[PDB]
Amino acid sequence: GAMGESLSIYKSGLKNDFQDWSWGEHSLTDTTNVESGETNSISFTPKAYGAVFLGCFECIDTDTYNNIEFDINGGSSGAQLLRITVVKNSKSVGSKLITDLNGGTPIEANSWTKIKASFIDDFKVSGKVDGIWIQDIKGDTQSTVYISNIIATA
C-alpha cells in the first residue's frame, strides 16, 4: 500500500531478471561470509580495476525507485577503495566513492555495513537505469569484500 516499493537485485542469488555482467574476479555463491538469514553472498576481490556489475536494461525506473542499496562486508582489512557507478543508456553516467557513500568512514572490516545511494542526490541521475557496478579503483590487490541484499528502493 503506502509502504514504499522495493526491488531485490541480489538476495542469496540474482533476482528479478538481473544479470551478472561483472568483469572482475568474484563468486555469486560465496558461503564463507554470509549475513544471518541469507545463504550466499557475492564475494569480490577488488583488483586490476575489476568490478561486480549487475545489469537489467532499463529495469530500474526512478519514477518507482529513488535509491540503490546493498550490504557490504569489508572482510579482513575493510577500508577498500571502491567506486559505485550507475549505468544509463548503456553508459556509466555517475559514480560515487564507497567511503563517501558511507558518510566518510571507510567500510569496517569483518562486519556488514548498509550502503545507500540516491539516484538524484548522489548520482544526479534520473529516468531508466540499466545497472550498477562496484569497481576496484586501486589496481593493486585489495582484500576480498562481500556483498549482499542488493535492492532498489523508493
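Throughout, we count residues from 1 along the sequence that is shown.
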Avg C-alpha B-factor, entry values, 44-52 vs 119-127, higher side is 119-127
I68: C-alpha B-factor third of its chain, per the entry, is the highest
Of the three thirds of the chain ranked by Cα temperature factor, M3 occupies the highest
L28: CA temperature factor from the record, placed by chain third, in the lowest
Quick tally, chain-level thirds of C-alpha B-factors: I151 sits in the middle
